[PDB]
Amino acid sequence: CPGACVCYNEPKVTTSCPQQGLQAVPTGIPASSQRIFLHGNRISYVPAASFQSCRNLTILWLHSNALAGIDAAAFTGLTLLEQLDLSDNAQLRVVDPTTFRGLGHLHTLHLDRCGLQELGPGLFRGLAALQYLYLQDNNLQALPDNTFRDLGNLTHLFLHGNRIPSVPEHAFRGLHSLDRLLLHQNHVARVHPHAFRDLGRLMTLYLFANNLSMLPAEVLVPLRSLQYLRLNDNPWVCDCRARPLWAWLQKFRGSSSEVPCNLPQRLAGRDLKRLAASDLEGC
């Protein structure tokens, strides 16, 4: 065990090196290691095949360092890795799309708040067992199609506080067993109509604090099990386009929130749910 780090065998074999002031990934970490805590240090790169010896790794944290890049095969050798935390890494920005290849038994992956500009094609490819996906507080500017396709068992997906401007048809395709989907606090303008299809089991949907002026007829239906919904402070235009959406909020006997209007100038700050239908102009 290397300079000023805890090392214990029960419950699991463990290297705890929290805020030592480390400039990079340390030599010395036993191959027996079942958990590696390298968080709060000041590491600026994860070299190729850093933790390759530790073929037993199930939890590794590298959050709250000064990450500039992860090398594309950093997590090579880590078949069993279950938890991976890579957050509070402010200035990181991009993760090579092959970085996660073959982390087959991964349960949880954290990229909360990393200033991620893109979401490379097939980055979450082959993450069969991924369950929790934390991608909030970044600078994500689009959502490619199929970006999470291979995410069979993802229940919680976290996307808030980004700069997304739209949701395209096939973005959320494959999230067959999603549960909480948080999409609030974005610059979001248009949802694609057939966009939530593959989300039978969706339960929580937070669309508040966006740029949504209207939600078109076909959208919400496939959420056959939605229990909570949030659509507050959007520049909602309350005329014939909302009738579709209006009809929906009537039938929905779960728990929605206020849908305040803003337009026409005549109909400002008026929860839609308590409007009449003839109230909304034509057409």
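So that there is no doubt, residue numbering starts at 1 and follows the sequence shown.
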Give the stretch, out of 169-177 and 135-143, with the larger mean C-alpha temperature factor in the deposited entry. 169-177
For the stretches 247-255 and 34-42, which has the higher mean C-alpha B-factor as given in the deposited record? 247-255
Of the options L199, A189, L159, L154, which has the highest CA B factor as deposited? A189
Ordered by C-alpha B-factor within the chain, which third holds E118? Give me lowest, middle or highest, please. highest
Which third, lowest, middle or highest, does the C-alpha temperature factor of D150 belong to within its own chain? middle
Going by the recorded CA B-factors, say which third of the chain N234 sits in, lowest, middle or highest. lowest
Give the position of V13 by CA B-factor within its chain, expressed as the lowest, middle or highest third. lowest
Chain thirds by Cα B factor, record data; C240 belongs to the highest
